[PDB]
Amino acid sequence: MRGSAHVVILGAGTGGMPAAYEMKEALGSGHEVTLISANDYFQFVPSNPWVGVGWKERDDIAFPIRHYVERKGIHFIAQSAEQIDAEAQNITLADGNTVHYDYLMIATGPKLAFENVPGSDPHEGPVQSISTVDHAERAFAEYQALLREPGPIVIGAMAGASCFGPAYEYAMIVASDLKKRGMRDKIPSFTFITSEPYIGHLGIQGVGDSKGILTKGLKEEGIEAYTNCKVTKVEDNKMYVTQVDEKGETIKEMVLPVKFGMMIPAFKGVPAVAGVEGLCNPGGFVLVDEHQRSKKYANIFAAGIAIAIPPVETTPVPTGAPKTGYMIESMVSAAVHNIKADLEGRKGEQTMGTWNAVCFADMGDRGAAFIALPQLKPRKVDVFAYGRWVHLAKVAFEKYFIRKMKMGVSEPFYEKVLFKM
């Protein structure tokens, strides 16, 4: 309300949870902060591939949100938004209730666009998903069914995907788990299908020796790999794959039987956000300026996967660049600073900073990780790492992030860099 702006945060994920705490900390008792999310629990997304192979359980990576934000004075609504009216500034919830806002911060993350590939929905066929704990559990269930009746395995990433790391991770740990169970030789064929122009392109034109190292890794595991692929449909338990050359000309089509499969889908914006007129590009990603403010509505901000970021390259099969944790947190930090500024007259000048990508993958005893910045080459940092220490770091960071999600963040979040001091 006037003189006491009501700030709503839509989505309680990697960006959204921290945003709720930071907003409340920045605004204080004189303003209402409301967090709205489809689920009543927080999940640590990077741990889902492990749930998909059964190395982790839901309880390890998820927890109920309500008590933790409420003791901070944040209102929490565990309800999905179905409609956003940016004119009236009203949000319509799944139960038909309406919530008004003075500022809205959109952190709704990706819609998994299974519809791009008929038959690819995890509920429609053998191609599963590990992006959410709900999907990863279903993936693991189908993995167990594979163990009972071995058959061909197909893991990879669809056309338009932007999150390639976890597909590589998942293929590796599936291969690893199979060995452990003494079941690897029961597998007729193990295939990796990707929209990448080459192995380890990762939607970022490669980083360090990602190409060489991921190529050798897949080969060590007896995983046959195909690049420049798009899947046209999944039908009768078969994946119909089309492979192109540099000029997008078809050089072959394949039909792959699939007993167990997992393809990372293309990401779009969620329907309630995409549905807002003039808010989003055709992909449903919120068009924002460098201050995280929507270009159309001055009182709508966005952070996380939900925002639009222009491509810097074009691949033979469409692919996108990933939006990862540190950049998301910088986005969140900027949005909160600039909203608070608005509330106090001044114009916030804070930006998300330099584009970057960071990813950690754990194979069990050893991890792989990379850091790339900025987006276009030659970069200022372009590094790929592998080893037991990367694994230890993943474990440490997960423990830290989850604890922080329960304790609240102020916060200039990433000061876990004081491991220098």
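Quick note: we count residues from 1 along the sequence shown, nothing fancier.
Per the entry, higher mean C-alpha B factor between 324-332 and 285-293: According to the entry, 285-293 carries the higher average C-alpha B-factor.
Give the stretch, out of 117-125 and 339-347, with the larger mean C-alpha temperature factor in the deposited entry. The stretch with the larger average C-alpha B-factor is 339-347.
Considering only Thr132, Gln89, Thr227, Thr108, which residue's Cα atom bears the greatest B-factor as recorded? Going by the entry's C-alpha B-factors, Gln89 comes out highest.
Compared with the other modelled residues in the chain, in which third is the CA B-factor of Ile9? Lowest third of the chain for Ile9's C-alpha B-factor.
Lowest, middle or highest third of the chain for the C-alpha temperature factor of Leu27? CA B-factor rank for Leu27: highest third.
When the modelled residues of the chain are sorted by Cα temperature factor, does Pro374 land in the lowest, middle or highest third? CA B-factor rank for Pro374: middle third.
By its CA B factor, does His75 count among the lowest, middle or highest third of the modelled residues in the chain? Middle third by C-alpha B-factor.
Would you check the entry's CA temperature factor for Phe140 and let me know if it's in the chain's lowest, middle or highest third? Tercile = middle for this residue's CA B-factor.
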